[PDB]
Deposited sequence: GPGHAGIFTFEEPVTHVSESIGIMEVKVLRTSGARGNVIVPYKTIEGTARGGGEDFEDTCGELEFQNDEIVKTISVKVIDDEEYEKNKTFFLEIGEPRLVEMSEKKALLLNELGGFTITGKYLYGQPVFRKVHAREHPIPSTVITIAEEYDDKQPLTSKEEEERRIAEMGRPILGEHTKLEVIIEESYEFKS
């Protein structure tokens, strides 16, 4: 009963001026025990390392009966006019600290919409 872990949706649009994007990870079908869920950002046409966004990777620890957590990603606005750019987040194999598992949405494409 350890849970099935998922993003809300596989694609999201955010403004280049959003500042901080807050991405949710949901636990469904069971909330028993402490579970570690790895996550990471991956570049698309948007560049990481603090250029278009800040690299954000690590692990979420869900406590017993905890069913939602947040990954906060810094999205960096600029003064250039360009096309919309993309990056990704992924969640990795969950582990107890009966097994927890990944659910429907395990890769998320973020489309950063030019703010002008």
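Residues of the deposited sequence with no modelled C-alpha atom fall in the ranges 1-3, 101-169, 189-192.
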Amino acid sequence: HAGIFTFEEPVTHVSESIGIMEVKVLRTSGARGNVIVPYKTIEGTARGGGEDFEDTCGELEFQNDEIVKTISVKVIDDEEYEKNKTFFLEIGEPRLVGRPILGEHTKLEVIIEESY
From here on, numbers count along this sequence of modelled residues.
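Averaged over their C-alpha atoms, the temperature factors of 85-93 and 61-69 are higher for 61-69. Relative to one another, 98-106 and 21-29 have unequal mean CA B-factors, and 98-106 is the one with the higher figure. Sort the chain's modelled residues by C-alpha temperature factor and residue 44 lands in the middle third, per the entry.
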